[PDB]
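Listed next as structure tokens is one chain, alone, in the form deposited in one PDB entry.
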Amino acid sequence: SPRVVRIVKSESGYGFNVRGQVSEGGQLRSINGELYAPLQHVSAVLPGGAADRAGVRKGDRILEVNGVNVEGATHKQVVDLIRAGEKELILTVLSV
């Protein structure tokens, strides 16, 4: 089920990579049997980094960034939202 994680930047940034489509919207695809528009996802987690310690895992799909729904969002929208705070990030994620 979707869950919320709070992450504070360390020396190393947040310690994850985000990957997904450049465009908006597109073909529906279910995640764990729940229907969604395309979702950006976590493509890497730095061992021992902030995201790792918050329990973010490779493959986690990103549903919200800083309380903003990012279902179907562009990669730029998600990157810019991740950058909204000076040091804190809140994500709603879905593990696969």
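Only the largest set of C-alpha atoms that superpose within 1.5 Å between the two forms is called the rigid core. The first residue of the shown sequence is 1; numbering continues from there. Only residues modelled in both forms are compared.
Comparing 19-27 with 5-13, the higher mean C-alpha B-factor in the PDB entry belongs to 5-13. For the pair 37-45 and 53-61, the mean B factor over Cα atoms is greater in 53-61.
In the PDB entry, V96 places in the highest third of its chain by CA B-factor. When the modelled residues of the chain are ordered by C-alpha B-factor, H75 sits in the lowest third.
Note that the form deposited in another entry isn't included here; everything after this is about it.
Note: rigid core superposed between the shown form and the other one; among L46, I31, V42, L63, the CA shift is 2 Å or more only at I31.
Mapped along the sequence, displacements between the shown form and the other one of 2 angstroms or more at every C-alpha, sustained over at least 3 residues after core alignment, occur solely at 27-35.
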